[PDB]
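Protein chains in written order, with PDB author numbering: chain A, 39 to 298, 312 to 374, 379 to 383; chain B, 38 to 383; chain C, 38 to 299, 312 to 383. Everything below concerns the one structure shown next.
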Amino acid sequence: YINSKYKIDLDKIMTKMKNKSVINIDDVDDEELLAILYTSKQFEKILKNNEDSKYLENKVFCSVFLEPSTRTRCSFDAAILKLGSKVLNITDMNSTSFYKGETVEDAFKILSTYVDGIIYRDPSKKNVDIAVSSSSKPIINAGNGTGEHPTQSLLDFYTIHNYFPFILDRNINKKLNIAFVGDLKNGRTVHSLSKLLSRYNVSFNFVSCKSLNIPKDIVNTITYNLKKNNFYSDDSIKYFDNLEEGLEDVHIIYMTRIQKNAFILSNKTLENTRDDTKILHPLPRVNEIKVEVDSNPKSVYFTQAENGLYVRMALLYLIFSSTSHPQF
Amino acid sequence: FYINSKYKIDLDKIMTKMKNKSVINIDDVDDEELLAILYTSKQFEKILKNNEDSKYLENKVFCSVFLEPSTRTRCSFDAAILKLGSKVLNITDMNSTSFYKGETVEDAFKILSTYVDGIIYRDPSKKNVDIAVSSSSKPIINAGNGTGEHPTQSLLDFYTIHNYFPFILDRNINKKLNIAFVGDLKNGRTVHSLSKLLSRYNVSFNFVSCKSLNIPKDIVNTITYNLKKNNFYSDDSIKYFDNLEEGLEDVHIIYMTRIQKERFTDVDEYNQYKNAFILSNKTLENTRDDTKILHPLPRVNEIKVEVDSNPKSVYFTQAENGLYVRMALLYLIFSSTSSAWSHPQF
Amino acid sequence: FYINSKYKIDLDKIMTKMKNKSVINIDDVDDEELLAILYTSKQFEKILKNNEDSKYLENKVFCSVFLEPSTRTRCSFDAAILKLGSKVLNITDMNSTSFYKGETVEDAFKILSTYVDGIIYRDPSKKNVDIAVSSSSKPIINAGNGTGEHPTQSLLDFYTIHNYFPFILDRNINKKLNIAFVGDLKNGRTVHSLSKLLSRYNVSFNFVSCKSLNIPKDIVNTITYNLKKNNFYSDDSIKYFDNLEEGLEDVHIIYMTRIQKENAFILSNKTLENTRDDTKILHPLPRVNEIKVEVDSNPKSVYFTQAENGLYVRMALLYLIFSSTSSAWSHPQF
Ligand SMILES: CC(C)(C)OC(=O)Nc1sc(-c2ccccc2)cc1C(=O)NCCc1ccccc1
Ligand code: NA
């Protein structure tokens with residue numbers, strides 16, 4: 039099992055990931071990240087070539103979405119169904135109507151008797167952690183109020199690694215430069231992907247309009263990670279409030295969502324970027340990216356969204372399998 | 038493969054043509070495609086009535102997106118997918134505005150179509166379905182929109198008729214089908230769609246309505262051009278009546294529409310129109326012996342419960358037929374390939 | 038071949054009788070059918086706790102119709118169908134009036150039953166379930182209605198009891214089970230249903246309630262006629278208390294009910322110290338105050354196992370009604 043230059047011992051990494059709960063991106067170590075990246079790639083190729091995808095038959099999951107949150111929920115459903123497993127849904131409900139005079143711990147202790155695993159989206163942070171403590175079965179966090187969204191970070195990382203595979207090498211001569219653009223204060227997807235990218239040889243351009251800057255405790259978490267692998271320097275973190283400077287010499291531009312510009316992306320504002328730059332956005336997009344950019348080959352935000360299917364298939368396969380592997 | 042015992046269906050070739058086809062309007066189905074649908078529907082009807090293996094399409098994952106409540110069509114599409122042995126994720130009980138929460142229809146469909154092999158979409162907006170089709174990398178079946186496009190209702194309507202009157206397929210100048218459309222012909226879009234499809238054949242039409250709720254001119258024009266084009270138009274081709282006693286005479290089919298009180302000024306107008314067009318065993322005594330009664334449902338008072346025991350009533354068979362017709366259409370579009378041994382064949 | 042310790046089960050014969058049966062009330066289950074359910078439930082419990090293949094009912098497509106919020110029962114029936122290897126479409130987020138949008142219950146059920154092999158139906162109206170059964174070409178499982186019929190709640194309650202006290206099946210005049218029902222005995226319909234089923238056996242009852250919320254006479258009468266039928270009725274058979282201290286003495290089972298206060314009877318480790326060693330505590334759930342979280346660590350608490358058992362009991366009932374099967378070798382036998 040190879041992804042160019044690293045052999046992955048998938049048997050051994052699955053033994054370790056079996057019945058693992060995934061709440062935060064920090065619950066995924068280096069070895070587990072390689073296994074996910076590798077397996078995601080196998081599912082991408084199997085599905086793009088119309089091959090049998092049914093690597094996880096015989097499982098029954100529960101999907102609990104207590105805010106309307108249709109793309110992430112459908113992505114998890116499709117992944118389960120394409121793997122050949124089954125799922126029952128709780129949707130179109132909020133906290134109060136689902137927990138109708140019942141504790142979170144009662145609800146999860148009972149629900150986990152019915153199913154092999156639970157996928158849970160709840161805008162409360164407390165609820166996901168209470169569910170994990172109460173559940174006899176593994177939980178995948180599909181997004182909560184603390185800004186934990188592990189599968190968004192994983193699919194973001196998979197997407198980058200697909201155009202810039204050298205991010206995995208921890209090579210002091212091969213650095214990736216990324217610009218994060220928009221609302222860096224409220225854009226939790228930046229916070230989570232930053233922590234994961236900072237384990238690697240990466241330098242960051244934070245591009246925001248003063249009022250919406252990256253929070254200090256993320257800058258600190260980036261600086262501790264980069265220091266730990268001896269890739270911190272005074273040039274590791276740069277701050278801009280304009281595109282013209284922010285977007286210069288970055289392999290990746292990652293746009294965030296807003297609501298109420313310095314930061315609208317046009318073919319014009321992209322003429323002076325590297326020819327290899329790729330554009331991500333977790334979606335949905337509003338004005339941050341003009342429709343004309345969809346025809347620009349630097350745009351990969353729809354491939355990115357597509358990649359969430361393969362990454363969620365991979366993560367469900369590695370946690371829930373009982374045991379050959381997807382290959383080719 | 039034979040239909041009517043006259044017309045040979047090369048299902049391999051017709052599948053190659055229908056593969057990854059979107060079905061939005063009944064005019065997206067040609068003569069050959071309609072034969073393959075009718076034939077395949079009949080095989081699913083017999084396999085299921087005999088408790089045989091129905092799993093002729095197993096490895097597919099669909100998304101079903103219903104942005105207005107419409108329980109029977111949605112459940113019928115679910116059942117069809119599941120009976121074929123495929124899988125479906127559902128968006129229900131939601132409207133346009135809450136599902137498109139500050140996202141364009143084009144963004145939503147471009148992404149959703151990466152997840153799945155095909156989409157079933159019901160939206161009361163007509164624009165939305167056409168935008169979905171333009172944005173989607175995967176086929177769409179329109180399960181109903183605001184323009185009155187509802188191709189699987191028309192298809193299951195036609196399947197039902199063809200089961201009692203198979204000669205409608207022959208385009209034989211000696212073998213004419215006579216149908217009465219009864220009730221709200223202005224707002225009954227199922228009449229509009231079925232009319233267009235029937236007018237490809239040797240058919241004459243009785244439009245039975247009171248003044249205010251008559252068939253629109255643009256449908257009469259489309260029926261008249263279709264009948265002319267196959268040299269079946271005469272001054273007899275389209276008649277208009279305001280009462281059952283005349284309207285229901287010498288028709289093979291009576292097709293009753295919904296007369297929703299919210300289409301009148303008040304109750305007195307409703308209950309006058311109601312009552313004038315209500316179907317009883319009495320109002321059916323001077324129809325042909327062979328007359329069959331359709332209604333797209335749901336039923337309110339348009340038809341009295343006593344008529345359910347009358348052998349001329351088939352509106353519950355009609356609704357059941359939607360399962361077989363939706364199984365057929367899904368099989369023909371989404372199969373990756375054929376053998377002659379992979380086809381349903383009772 | 039099919040044994041339940043010392044009851045031999047003729048599953049072929051009992052399935053011939055249960056095939057395409059509708060189950061609306063606990064009285065639609067006779068002695069033989071109850072043994073088939075108990076036996077099949079036990080096989081599913083062991084297969085699933087040992088991670089074996091559970092797919093004993095492939096190729097069916099069900100419709101599950103929930104016209105009130107009723108999340109646990111609905112998820113339990115979904116899980117059961119999916120674990121058996123069959124498929125389901127769901128109608129939820131609906132009440133009576135919005136689902137029957139100017140359509141009769143009989144029209145809706147006549148049509149829906151053409152699509153599917155079976156229907157699971159929860160509706161707070163009692164009329165609706167009985168009209169559904171009259172109109173349907175396919176079998177219905179009642180998942181709960183307004184008359185307090187909830188057959189799979191009673192069945193999973195009974196399965197739970199029989200697991201700790203298997204002698205309830207023997208109808209042995211020397212082996213009596215003592216149960217206390219605690220809380221709102223007037224509105225607690227699962228007491229009503231389980232009482233009727235327990236009273237087919239050698240059972241005595243402690244009804245513990247204030248005064249305003251006492252067991253209704255019609256249930257006392259139905260318990261007395263059942264117990265008389267097997268000559269287990271005596272003036273000792275039914276006792277009435279207004280306090281836990283007396284009510285809870287010498288009972289093998291304590292069954293706590295929901296009381297939505299729309312204080313006397315909260316269960317604590319303290320109020321449990323002088324119960325039998327062997328007493329088990331049920332509660333149909335959800336619980337609010339009736340049982341303190343401290344009791345969850347008490348080994349007498351089984352209300353979470355009880356709720357888990359609903360999976361195995363719903364798998365069993367679906368298998369026994371819907372199987373297309375003939376042969377003794379196809380049945381689960383851990
Ligand atoms: C994290 C991801 C993107 C996977 O989660 C979803 O997609 N769910 C969500 S949270 C959301 C939102 C918007 C405003 C305020 C608060 C939350 C957008 C949405 C969302 O789904 N599209 C909004 C409208 C829409 C729904 C589905 C498809 C297309 C458009
Ligand atoms: Na599903």
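Note that beta-carbon positions come from the ideal geometry of N, C-alpha and C, so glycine has one too.
Inset, instruction - For ligand 1, enumerate in chain order all residues having a CB closer than 6 angstroms to any of its heavy atoms. - result: The set of residues whose C-beta lies within less than 6 angstroms of a heavy atom of ligand 1 reads, in chain order, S107/A, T108/A, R109/A, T110/A, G181/A, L334/A, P335/A, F136/B, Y137/B, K138/B, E140/B and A145/B.
Inset, instruction - May I ask you to list the residues that DSSP assigns as paired with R159/A? - result: Locating residue 159/A in the first sequence gives position 121, where the first residue counts as 1. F103/A.
Legend entry - Sequence ranges, alpha helix (DSSP H) only - wholly within the region 202-262 of chain B, length at least 4: Runs of alpha helix (DSSP H) with 4 or more residues, each lying fully within the region 202-262 of chain B, are found at 226-235, listed in chain order.
Legend entry - Near-chain A residues of the region 311-329 of chain B (beta-carbon distance less than 7 angstroms), N- to C-terminal order: Within the region 311-329 of chain B, no residue has a Cβ that lies closer than 7 angstroms to any Cβ of chain A.
Inset, instruction - Please list the partners that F136/C has in chain B, where partner means a Cβ-to-Cβ separation under 8 angstroms. - result: Taking the third sequence and counting its residues from 1, one reaches residue 136/C at position 99. Per Cβ cutoff of 8 angstroms: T108.
Inset, instruction - Report yes if the C-beta of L367/B is less than 7 angstroms from at least one heavy atom of ligand 3; otherwise report no. - result: By its list of ligands, the structure shown excludes ligand 3, since it contains just ligand 1 and ligand 2.
Legend entry - Alpha-carbon spacing of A117/C relative to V125/A, whole angstroms: Within the third sequence, residue 117/C is the residue found at index 80, counting from 1. Within the first sequence, residue 125/A is the residue found at index 87, counting from 1. In this structure, the alpha-carbon of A117/C lies about 11 angstroms from that of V125/A.
Legend entry - Enclosing alpha helix (DSSP H) for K79/C [first to last residue]: Along the third sequence, read from residue 1 onward, the residue named residue 79/C stands at position 42. Run containing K79/C: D68 to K86, per the alpha helix (DSSP H) assignment.
Legend entry - Inter-residue CB distance, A217/A and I291/A (contact presumed, cutoff 8 angstroms): Position 179 of the first sequence, counted from the start, is the residue given in the question as residue 217/A. Position 253 of the first sequence, counted from the start, is the residue given in the question as residue 291/A. The pair is a contact, with the Cβ atoms about 5 angstroms apart (cut-off 8 angstroms).
Legend entry - Top-ranked residue by Cα proximity to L71/B, from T151/B, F103/B and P188/B: The residue given as residue 71/B occupies position 34 in the second sequence. For the residues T151/B, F103/B and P188/B, the minimum Cα distance to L71/B belongs to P188/B.
Inset, instruction - Could you check if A73/C is buried or exposed, using at least 16 other CB atoms within 10 Å of its CB as the buried criterion? - result: Taking the first residue of the third sequence as 1, we reach residue 73/C at position 36. Result: buried.
Legend entry - Selected residue, minimal CA-CA separation from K54/A, among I61/A, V66/A, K45/A and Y44/A: To locate residue 54/A, count along the first sequence from 1; it is residue 16. For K54/A, the nearest C-alpha among the options comes from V66/A.
Inset, instruction - Measure the alpha-carbon distance for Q355/B versus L193/B and round it to whole angstroms. - result: Within the second sequence, numbered from 1, the residue matching residue 355/B stands at position 318. Within the second sequence, numbered from 1, the residue matching residue 193/B stands at position 156. When the Cα atoms are used, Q355/B and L193/B turn out to be separated by approximately 7 angstroms.
Inset, instruction - Measure how close the beta-carbons of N165/C and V60/C come, nearest whole angstrom, since I'm counting them as under 8 angstroms. - result: Start at 1 with the first residue of the third sequence, and residue 165/C comes out as number 128. Start at 1 with the first residue of the third sequence, and residue 60/C comes out as number 23. That pair is no contact at about 16 angstroms.
Inset, instruction - Kindly indicate which residue of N200/A, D130/A and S135/A has the alpha-carbon position closest to the one of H289/A. - result: Taking the first sequence and counting its residues from 1, the one referred to as residue 289/A is at position 251. Per the C-alpha coordinates, the member of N200/A, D130/A and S135/A positioned closest to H289/A is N200/A.
Legend entry - Opposing strand residues paired with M293/C [DSSP bridges]: Indexing the third sequence from 1 puts residue 293/C at position 256. Answer is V219/C.
Legend entry - Nearest-angstrom Cα separation, counted from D90/C out to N96/A: Sequence index remark: in the first sequence, residue 96/A carries index 58 (1-based). Sequence index remark: in the third sequence, residue 90/C carries index 53 (1-based). The alpha-carbon atoms of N96/A and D90/C are separated by roughly 8 angstroms.
Legend entry - Straight-line Cα distance separating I198/B from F269/B: The sequence position of residue 269/B within the second sequence is 232, counting from 1. The sequence position of residue 198/B within the second sequence is 161, counting from 1. Those two C-alpha atoms are separated by around 19 angstroms.
Legend entry - Cβ pair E186/A, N358/A closer than 8 angstroms: Here the question's residue 186/A lines up with position 148 in the first sequence. Here the question's residue 358/A lines up with position 307 in the first sequence. It is not a contact, given that the beta carbons lie outside the stated cut-off.
Inset, instruction - Pair every Cβ in the region 295-305 of chain B with every Cβ in the region 256-276 of chain B, then say whether three or more of these pairs are closer than 8 angstroms. - result: Segments in contact, no.
Legend entry - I370/C (DSSP reduced to helix, strand or coil): Within the third sequence, residue 370/C is the residue found at index 321, counting from 1. In this structure, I370/C counts as helix in the three-state DSSP scheme.
Legend entry - Assigned exposure category for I40/A - 16 Cβ within 10 Å defines buried: Your numbering for residue 40/A matches position 2 in the first sequence. Of the other Cβ atoms in all chains shown, fewer than 16 fall within 10 Å of the Cβ of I40/A; this residue is therefore exposed.
Legend entry - Three-way DSSP call (helix, strand, coil) for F278/B in this model: Indexing the second sequence from 1 puts residue 278/B at position 241. Strand at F278/B.
Legend entry - CB contact check: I128/B to chain A, cutoff 8 angstroms: Sequence index remark: in the second sequence, residue 128/B carries index 91 (1-based). With 8 angstroms as the cut-off, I128/B counts as an interface residue toward chain A.
Legend entry - Spatially closest choice to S101/A from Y368/A, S171/A, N312/A and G155/A, by CA coordinates: Mapped onto the first sequence, residue 101/A falls at position 63. Ranked by how close their Cα comes to the Cα of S101/A, the residues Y368/A, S171/A, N312/A and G155/A have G155/A in first place.
Inset, instruction - Answer yes or no: does any C-beta atom of chain A fall closer than 8 angstroms to that of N88/C? - result: Position 51 of the third sequence, counted from the start, is the residue given in the question as residue 88/C. By this cut-off, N88/C is an interface position.
Inset, instruction - Verify whether the separation of the beta carbon atoms of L222/A and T324/A is less than 8 angstroms. - result: As a first step, residue 222/A must be located in the first sequence, where it is residue number 184. As a first step, residue 324/A must be located in the first sequence, where it is residue number 273. In this structure, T324/A does not lie closer than 8 angstroms to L222/A by Cβ.
Legend entry - Contact set for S150/B: own chain, Cβ-Cβ below 8 angstroms, skip 5 residues either direction: In the second sequence, the residue the question calls residue 150/B occupies position 113. Cβ neighbours of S150/B beyond the five flanking positions: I156, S172, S173, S174 and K175.
Inset, instruction - Using 7 angstroms as the cut-off, classify the Cβ of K124/B as near or not near the heavy atoms of ligand 2, replying yes or no. - result: Residue numbering aside, residue 124/B sits at position 87 when the second sequence is read from its first letter. For ligand 2, at least one heavy atom lies less than 7 angstroms from the Cβ of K124/B.
Inset, instruction - Identify every run of the beta strand (DSSP E) within the region 314-367 of chain C, keeping only runs that are complete inside it and at least 3 residues long; order them along the chain. - result: Taking 3 residues as the shortest admissible run, the region 314-367 of chain C contains the following complete beta strand (DSSP E) segments, listed from N- to C-terminal end: 329-331.
Inset, instruction - Report the three-state DSSP secondary structure of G183/C (helix, strand or coil). - result: By 1-based counting over the third sequence, the position of residue 183/C is 146. Reduced to three states, the DSSP call for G183/C is coil.
Legend entry - Element boundaries [beta strand (DSSP E), containing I40/A]: Here residue 40/A refers to the residue found at position 2 of the first sequence. Secondary structure note for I40/A: it is in no beta strand (DSSP E), with a DSSP letter that is neither H nor E.
Inset, instruction - Using a Cβ cut-off of 8 angstroms (strictly closer), state whether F353/A contacts chain B. - result: In the first sequence, the residue the question calls residue 353/A occupies position 302. Yes, because at least one Cβ of chain B sits closer than 8 angstroms to the Cβ of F353/A.
Inset, instruction - Please confirm if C112/B has its CB atom under 8 angstroms from at least one CB of chain C. - result: Walking along the second sequence from the start, residue 112/B turns up at place 75. Answer yes: the Cβ-Cβ gap between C112/B and chain C drops below 8 angstroms somewhere.
Legend entry - Best match in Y307/B, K248/B and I260/B for proximity to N280/B [C-alpha to C-alpha]: Sequence index remark: in the second sequence, residue 280/B carries index 243 (1-based). Out of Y307/B, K248/B and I260/B, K248/B has the C-alpha closest to the C-alpha of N280/B.
Legend entry - Length of the line joining the Cα atoms of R208/C and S236/C: For the purposes of this step, residue 208/C is identified with residue 171 of the third sequence, where counting begins at 1. For the purposes of this step, residue 236/C is identified with residue 199 of the third sequence, where counting begins at 1. Near 10 angstroms, if we compare the C-alpha coordinates of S236/C and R208/C.
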